[PDB]
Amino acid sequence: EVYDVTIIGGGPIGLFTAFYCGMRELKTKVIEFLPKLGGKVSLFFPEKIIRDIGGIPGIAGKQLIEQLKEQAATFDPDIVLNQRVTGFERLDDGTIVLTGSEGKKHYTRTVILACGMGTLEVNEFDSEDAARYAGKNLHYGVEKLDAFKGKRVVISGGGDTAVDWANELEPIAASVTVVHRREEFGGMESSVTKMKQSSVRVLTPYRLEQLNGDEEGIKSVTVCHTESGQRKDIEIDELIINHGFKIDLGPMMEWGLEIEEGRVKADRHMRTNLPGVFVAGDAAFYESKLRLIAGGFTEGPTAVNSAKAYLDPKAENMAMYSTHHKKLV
């Protein structure tokens, strides 16, 4: 089954892009790597108030994503979750075939890359967990030390930032536990020796295996000794994950895209160098690019208009205004 447009990425930009595809009557598919939509907003700032979106004085990340899902839903596009698009090829008739890393074949006339700077992966940490506990008592760093006062804190990680975070948290937290899969740590050794001798509880060599929680938040983590294979359940009031991020374009590297600074070069029409392949949102590279949600909200529709022109040169330059759009009023 051949789609007119397949959008790679279901972040905020992919969602609005899908809506605009619907306005221009294109048969539309969105493909997202995570188990839920909303991209960096959903994973990294769902609880924060965004104030730099045109026309919206203040909105919580999560609420923006609900509103963008509502927009995306308008014309009922097909949403594909839990798939990393890694393969690209062209059929004889110009149809593009996208391959998911599990062999899944998707057929399309055009592609819009709304993939940001890559799949949103945290090293050795489950996407499902990242999505489920976002905005709760899951952190990827220490914003302010005072919020951790009196709390039982676990830090998973073995780098310098992990060891330093433990040392400045030890005076403030009810308790600090550091979980790491190797007995050796990063940073200056004085910081390690200090942590190791302080009341910080140092759990090595242990692997973080699982997060145990409810609707309110994470309540323990199950860890496994990397040698004996013995399981422990460690109590959690706050979990800080410091494993590092794995955010990159991966096998799209080998599609022959013109790439600059980890992003995909876009002309003013949001065209890449690959015919039928357009780009929008944080994925787009050009000099004056606005690396905001507001930027993506212009690039998306621009990309749809170019896709539409590419499928039919005699199409109107853009969709009708929403206020006089025949399917909306």
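Start at 1 and count along the sequence shown; that's the residue number.
Chemist: Please work out which of 286-294 and 51-59 has the higher mean CA B-factor as recorded in the PDB entry.
Modeler: Looking at the recorded C-alpha B-factors, 286-294 comes out higher on average.
Chemist: Per the record, averaged over C-alpha atoms, which has the higher B-factor: 111-119 or 211-219?
Modeler: Stretch with the higher mean C-alpha B-factor: 211-219.
Chemist: Looking at the C-alpha B-factor values in the deposited entry, which of 196, 132, 84, 139 comes out highest?
Modeler: The record points to 196.
Chemist: Among the candidates 238, 78, 128, 168, give the one with the maximum CA B-factor reported in the record.
Modeler: Top of the list by C-alpha B-factor: 168.
Chemist: For residue 242, does the deposited CA B-factor place it in the lowest, middle or highest third of the chain?
Modeler: Residue 242: CA B-factor falls in the middle third of its chain.
Chemist: Which third, lowest, middle or highest, does the CA B-factor of residue 175 fall in along this chain?
Modeler: It belongs to the middle third of the chain when residues are ordered by C-alpha B-factor.
Chemist: What third of the chain does residue 260 rank in for C-alpha temperature factor, lowest, middle or highest?
Modeler: Highest third - that is where residue 260 ends up once the chain's C-alpha B-factors are sorted.
Chemist: With respect to C-alpha B-factor, does residue 15 fall in the lowest, middle or highest third of the chain as deposited?
Modeler: Residue 15: CA B-factor falls in the lowest third of its chain.
Chemist: C-alpha B factor of residue 184, ranked within the chain: lowest, middle or highest third?
Modeler: It falls in the top third of the chain.
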